[PDB]
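The chain below stands alone and is given as structure tokens, in the form solved without this ligand.
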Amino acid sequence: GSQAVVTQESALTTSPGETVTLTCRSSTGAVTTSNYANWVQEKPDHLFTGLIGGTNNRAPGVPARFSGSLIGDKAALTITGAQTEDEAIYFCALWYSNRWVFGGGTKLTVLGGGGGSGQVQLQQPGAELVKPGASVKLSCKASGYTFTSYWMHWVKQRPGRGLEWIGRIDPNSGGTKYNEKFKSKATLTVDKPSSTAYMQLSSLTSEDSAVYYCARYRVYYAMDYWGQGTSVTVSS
């Protein structure tokens, strides 16, 4: 199959102090708790952080004004009292049996000045230039937590185009799950001494030019902490 499409509002405009609800629809029918909906916020300069996962579980440190739920046949993120710093692009991700599928993202605009209410690191190298047909080994160094206690995800962004889930590794086990789209193009591995996750992209091509993020994932919870992304450019 793999014809499932996730759609979100293109844009929403609000003011400080208002209640805004972003929704996430599945093309296959209703969104269910078996879609374990995740919500991720992109602030300017491609800074990602996960807010919600498992429909309603809250990421570490996410402000009280955010909450997740199912509303009718959609997943929904509600901001109860929007603040100017909430101006961002919000992406949902739905689980479809063996892969995550990201929506297109909602750009939230917060108009007018206002008020509002006021550790773990993943370290990725900024860039990598590769020659066609070669490989790259991408690193993601985790610090601040027990490395083997959390899964690690990899996400591809061709910027402007969208987000695509590549796959997942359990550091404790070495067990992997790959998006079929990348099952032979990508291999996930770890080094537990150095607490480093690695993704190898075999025999590259021009489509492969993108930013690749690693993201810490707690099963049933959020894709919470993200690396800065490695910009991989292919010489053409």
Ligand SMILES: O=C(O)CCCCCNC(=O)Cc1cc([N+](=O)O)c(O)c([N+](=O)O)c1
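Numbers follow the displayed sequence, beginning with 1.
The protein also exists as the form solved in complex with this ligand; that form is not presented, and the subsequent description refers to it.
Contact residue in the entry with it bound, from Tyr198, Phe182, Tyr36, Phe66 (heavy atom within 4.5 Å of this ligand) = Checked against the cut-off, the match is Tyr36.
Using heavy atoms only and a 4.5 Å cut-off, decide whether all three of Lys141, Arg216 and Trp226 touch this ligand in the entry with it bound.
-> Checking in the entry with it bound: none of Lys141, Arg216 and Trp226 is within 4.5 Å of this ligand.
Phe102: heavy atom within 4.5 Å of this ligand in the entry with it bound?
-> Close contact is absent here: in the entry with it bound, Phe102 is far from this ligand, nothing within 4.5 Å, heavy atoms only.
Distance check, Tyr90 to this ligand in the entry with it bound, heavy atom within 4.5 Å = No.
4.5 Å heavy atom contact, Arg58 and this ligand in the entry with it bound | The answer is no: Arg58 has no heavy atom within 4.5 Å of this ligand.
Non-hydrogen atom contact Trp165 with this ligand in the entry with it bound at 4.5 angstroms | Close contact exists here: in the entry with it bound, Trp165 approaches this ligand to within 4.5 Å, heavy atoms only.
Okay, which stretch from 105-113, 92-100, 79-87, 120-128 lines this ligand in the entry with it bound, with non-hydrogen atoms inside 4.5 Å?
-> Of the options, only 92-100 has residues within 4.5 Å of the partner.
If we check this ligand in the entry with it bound, which of the residues in 132-167 reach within 4.5 angstroms of it by a non-hydrogen atom?
-> Residues within 4.5 Å: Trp151, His153, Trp165.
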